[PDB]
Structure formats: C-alpha cells, structure tokens
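In this analysis, Cβ positions are derived from the backbone assuming ideal geometry, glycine residues included, and neighbour counts consider all displayed protein chains. A short reminder: the numbers here are calculations on the coordinates, not readings from a lab.
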Amino acid sequence: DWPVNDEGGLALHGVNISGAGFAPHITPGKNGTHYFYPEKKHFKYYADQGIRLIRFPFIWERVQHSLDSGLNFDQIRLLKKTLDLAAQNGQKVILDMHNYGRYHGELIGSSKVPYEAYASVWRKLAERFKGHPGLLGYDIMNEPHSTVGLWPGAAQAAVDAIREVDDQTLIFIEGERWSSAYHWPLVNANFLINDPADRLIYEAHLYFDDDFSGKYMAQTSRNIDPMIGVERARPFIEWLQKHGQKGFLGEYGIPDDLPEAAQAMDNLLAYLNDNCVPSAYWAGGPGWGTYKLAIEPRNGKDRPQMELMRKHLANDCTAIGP
C-alpha cells in the first residue's frame with residue numbers, strides 16, 4: 001500500500017506537514033492559536049510537486065487530555081480531515097505521535113504513565129483510523145530520548161495493541177537518542193520489535209549540524225561536509241541490512257542560507273534512492289513563517305529545498321529497502 005509514482009517507482013521522498021504538534025508546552029491548547037491543521041491548499045501544492053508521502057505530527061495530549069478520559073472528538077475529526085484531504089490528493093499519511101517517549105512530561109512506562117495507557121490510546125486510534133485510504137501508517141513515537149530503558153517495552157506494548165485491531169497498516173518504529181541515524185548501531189544494537197504481520201519499518205532522523213540536533217546554530221553549522229548526510233545515514237542503512245529490516249528517514253532538513261547543507265542534502269537523497277529508502281523533509285505546511293528549514297512556499301514561490309528535492313523524486317524501486 002506504499003504510495004507509487006505515476007511514471008513508475010515508489011513515492012520515497014515526502015514531507016513533514018505542520019502543525020498539530022506545535023507549542024506542546026501548551027496543552028490542550030487551542031487549534032488556530034497554539035497549533036494548526038493543514039488545509040486543501042497544502043496537500044494540493046505538494047501533490048502538484050509530485051509528492052505523495054506525508055508524515056503528520058500530532059501529540060498524545062491533544063487526542064487524550066488525561067489517561068482517565070476518552071479521545072477528544074474534535075481532534076480525531078481534525079486528524080480524519082487530514083487523512084481525507086491527503087487521500088483525495090493521492091497522498092498517504094504517516095501519523096506521528098510526536099511525544100518524545102513522554103505523556104504530560106512523564107515517561108511512558110513510569111508509574112504515572114503505564115505501558116497499558118500507551119497501548120490503549122493506540123488501540124483506540126487504530127480503531128478510529130483503520131482502513132482509511134489516506135493512511136500509510138502509525139509512527140507510534142517520535143524521538144524517544146532519556147527513557148532509562150523504558151522505550152523498547154513501550155514500543156512492543158503499542159505494536160501488540162495495534163495488531164489486535166489492525167493487521168494491515170504499517171507501523172514505524174523509532175529508536176533511542178532522538179532516533180539518531182548515526183548513533184543507531186550503538187544505541188539500538190539489539191533493538192527488535194515483534195510483528196507477525198511483517199508490516200514494521202525502523203525510522204531514524206538525520207540532521208547535518210555538529211550536535212546532530214537540526215537546530216542549525218551558528219557555531220555548529222560551519223564546515224558542513226557534503227558527504228555528512230551519507231556518512232550519518234550509512235550506519236543506519238547497514239544496521240537495517242544486517243537485521244533484514246526496512247527503513248525510513250523520517251526527518252532531515254537544511255537551512256536556506258547554508259550552501260554546504262544543500263550539497264549534503266543532494267548526496268543524502270541520492271544515497272537513499274540507491275537503497276530504495278524513503279524519507280520525510282522537515283518541514284512544510286501552515287505556521288512556519290520565515291523558518292529557514294521550512295519548505296513551504298512563500299508568495300507563490302517555491303523554496304530552494306523543494307527545487308533541490310525534485311531531482312531525486314524519480315526511481316525504479318518496487319520495494320522499500322534497504
């Protein structure tokens with residue numbers, strides 16, 4: 001069910017779309033003020049650009065205000081709208097619970113947030129979204145970090161729960177240390193989640209600055225090697241090949257004002273094509289303003305990162321690699 005290109009090959013390279021996970025310190029917060037959902041124009045523009053793959057961040061706190069409460073009707077309705085609009089424009093969506101291994105600041109697997117709670121919300125979500133034509137899958141957790149050994153058990157708890165209700169949808173599994181691609185083989189040496197459906201994909205993020213953060217601060221963004229993207233991806237790709245697993249580069253992005261990051265992005269996307277590995281650019285959609293990384297057009301004008309992308313949209317892949 002992975003999205004395909006019209007001319008052949010797979011829709012490997014997509015875009016992260018804002019902005020339902022914005023200002024996560026403000027919960028539940030208000031749609032239209034603190035966070036934002038995309039409209040038909042955003043889906044239409046990316047489709048026009050040949051992009052059929054979308055990763056869409058939301059936060060747990062906004063689908064469930066408390067663990068003793070049910071799902072928020074409006075937030076699900078907003079997510080359904082996202083899936084609908086994506087589908088109408090020939091795109092498929094990866095829903096990303098953008099929660100960093102935490103719920104209301106507490107670790108999933110802690111006494112305040114039992115594994116049971118995390119399994120439930122995903123089982124309820126899978127019940128809500130099951131069979132939707134705009135749904136590609138569930139990125140069950142974004143950028144787990146500092147979880148003190150909690151994350152692997154949490155991941156399995158959610159996967160087991162989803163599969164009780166939905167054996168067909170893809171599940172995307174991220175790893176510890178903010179799911180860093182470069183650190184993957186050290187941090188997730190023996191990371192393995194069980195899925196009888198054979199519908200799991202491991203997902204890392206990869207930025208080009210000295211601290212791996214994607215902040216692109218001035219001191220950490222001098223001297224970007226044009227092969228730094230390939231170099232930071234390779235460890236992840238080789239880990240996947242060794243364990244016979246499929247991969248996804250769920251985040252990567254470059255500031256507009258760094259010519260060296262542009263070269264690094266080109267070489268990175270070339271390398272991912274050679275392995276038939278998909279990716280999602282950070283980021284596009286509503287509410288980004290003049291964010292340097294943002295790939296959202298301004299005044300009708302395509303951004304340099306979108307122009308850089310187009311060269312790499314074509315492929316002859318029939319399966320997700322590596």
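Taking the listed residues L268, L272, the one that is on the phi < 0 side of the Ramachandran plot, in contact with a strand residue (DSSP E or B) (Cβ under 6 Å, 6 or more places away or on another chain) and hydrophobic (A, V, I, L, M, F, W, C) is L272, with no other qualifying. If you scan the stretch 302-322, which residues turn out to be part of a helix (DSSP H, G or I), buried (at least 19 other Cβ atoms within 10 Å of the Cβ) and among the aliphatic types (A, V, I, L, M)? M306, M309 - these are the residues of the stretch 302-322 that are part of a helix (DSSP H, G or I), buried (at least 19 other Cβ atoms within 10 Å of the Cβ) and among the aliphatic types (A, V, I, L, M). Taking the stretch 243-280 as the range and being β-branched (V, I, T) and either surrounded by fewer than 23 Cβ atoms within 10 Å (Cβ to Cβ) or closer than 26 Å to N223 by Cβ (or both) as the test, only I254 passes. For the stretch 184-214, the set of residues classified as of a type in the set (V, I, T) and within 17 Å of the chain's Cα centre (by Cα) consists of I201 only.
If you filter the stretch 1-22 down to residues that are farther than 16 Å from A87 by Cβ and small (G, A, S), you find that the one that is surrounded by the most Cβ atoms within 10 Å (Cβ to Cβ) is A20.
Pairs linking a residue in the stretch 15-32 that is on the phi > 0 side of the Ramachandran plot to a residue that is surrounded by 15 or more Cβ atoms within 10 Å (Cβ to Cβ) and aromatic (F, W, Y), with Cβ atoms under 7 Å and 6 or more positions apart or on different chains, are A23/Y35; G29/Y35. Residues in the stretch 1-51 that are of a type in the set (A, V, I, L, M) and over 19 Å from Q75 (Cβ atoms): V4, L10, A11, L12, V15, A47, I51. Filter the stretch 37-66 down to the residues that are in contact (Cβ under 8 Å) with a residue 40 or more places away in the chain, part of a loop (DSSP other than H, G, I, E, B), closer than 22 Å to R102 by Cβ and not polar (S, T, N, Q) and list them by number. The one that is in contact (Cβ under 8 Å) with a residue 40 or more places away in the chain, part of a loop (DSSP other than H, G, I, E, B), closer than 22 Å to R102 by Cβ and not polar (S, T, N, Q): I59. Taking the criterion of being among the β-branched types (V, I, T), outside any helix (DSSP H, G or I) and out of contact with any helix residue (DSSP H, G or I) (no Cβ under 6 Å at 6 or more places or on another chain), the only residue of the stretch 67-94 that qualifies is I94. Within the stretch 20-52, the set of residues being touching a helix residue (DSSP H, G or I) at 6+ places or on another chain (Cβ under 8 Å) and acidic (D, E) comprises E39 only.
Restricted to the stretch 160-183, and to residues there that are in a helix (DSSP H, G or I) and of a type outside the set (A, V, I, L, M), the residue that is farthest from the chain's Cα centre (by Cα) is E164.
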